[PDB]
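Working notes, beginning with the structure itself.
By written order: A, B, C and D. Residues from 1 in each chain.
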């Protein structure tokens, strides 16, 4: 049975809606195991300003909260309880997505292109890197 | 529902992986699958005095030759005859693909990342452009 | 006389070193005006965790600090005092870089590709978007 | 110092902007400027039974024709004869460019984004690949 990785930005509503049907259809093929991953971004820029368990809340705290929101989001998908798993990481979202894709390993990554906006973007920062560097199939959802 | 599957006739030995994705996606819905091959037309060759119906063959004969090869490829897929259509175009492959996706319109484009090649998991020129510019979901198959 | 935009991530040392010579050579042509821009990233993800002049320091504060570090960095370039200007913004670095490129308007953007790392990146998140969407020439420094 | 300037002979009417960038970059240093044109070789055409020295002309004659056109283009640049070299290759233009950049090696590649075209400021297929994969600095001219 295949493995599908579904990266979720917990701050995105519309994106999460569009991937739901795709994720559901994809898992109904092969009875796939679906792994959801949300990544707490860590910015060098903020570090360089001095903003660190100090001016920013504890990482253990942030993770529990992110994980909490991810599990709320996973309830929006019709997937067998036995086939789903939630993951939280910290770092560059693209690197951690790609790392998780190597770790599982993933047969497919399902990822939204970019938040809907009035800019003329192609792919988002993270979608483009995943598409480019993943070693498995990537479904870019629009 | 409409799936567009671009085919480069010089990669006739498709992976089971690509065939499998298309068959599976088509089964999810009652989807029509449109296959498209594009005869590339190069300004560089025009600049060298290589013109259609002169030192290159007539475009119509090239179209028929391409379409004939596409039809042999289409049959590799286990799809009902009434849910499959063959298209041949000429020009810039990325732009004709994107044009077709817009015309139909496609709900999904299924495209191989790159011909099997041990050097890279990176996208080829057409895959990269299609993933970037399609207005619909794009599955990049590896 | 032309206008050159030089985006600076204040947390990057190596990148800033490599662009120095390019920026200097480029400005010696045309006696260009050189505008430096550093952008305080604002992350939806952090907002969605609750982290806002509250759990994160005042934006006025962050800006003064970023601007301070930018001016320290601008001292590493041999440019006429009359030809340089420092800017700070807040938001998506790529959007604000691109906006500044439209606002000046910029004749050239000089931007490092990506921090040197042992990952096999092509361009960074922001370099790629600038390259892709800027309406002027872009010098991608490596 | 070595500058590589890829030339597509079917865009012979270069912008003053491209010529200006190359001249200026070469003057900064005492730089040698290598110009390269690549005769594209398409698997798709091979698949249609179009082979060199049969239904296409001999590669040597195509090489000589291309080189002759390149040399006329090279002369548009105001460069000293001893700091300029012409190269013709055959195959995938993006890969031969990148190969040349590696071989020389190039300290900089100067490349137009795309032929002048009112539809887009986005990169063409070769420019995009070259900016992404060159190991050296790349100036994308618009």
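The criterion applied here is as follows: a contact is a pair of C-beta atoms (placed from the backbone, for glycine too) under 8 Å apart; a residue touches a chain by one contact, two chains touch by 3 or more.
Asker: Roughly how far is subunit B from subunit C, centre to centre by C-alpha average, rounded to an integer in Å?
Answerer: Using C-alpha averages as centres, the distance is 40 Å.
Asker: For subunit A versus subunit B, what separation do you get between their C-alpha means, in angstrom?
Answerer: Here subunit A and subunit B have centroids separated by 30 Å.
Asker: Residues of subunit B that contact two or more other chains, please.
Answerer: Residues 128.
Asker: Treating touching as the only link between chains, describe the layout with one word: line, ring, star, complete or other.
Answerer: Graph shape, chains as nodes and touching pairs as edges: a ring.
Asker: Hey, which chains are touching each other here?
Answerer: Per the contact definition above, the touching pairs are A-B, A-C, B-D, C-D.
Asker: Help me check something: in the complex, which residues belonging to subunit A touch subunit C?
Answerer: 9-12, 40-41, 43-51, 55-57, 62, 65-66, 69, 94-95, 119-122, 125-126, 128-129, 132-133
Asker: Spell out the part of subunit B that touches subunit A in their complex, as residue ranges.
Answerer: Per the touch definition, subunit B meets subunit A at residues 17, 21, 24, 28, 121-123, 128, 131-142.
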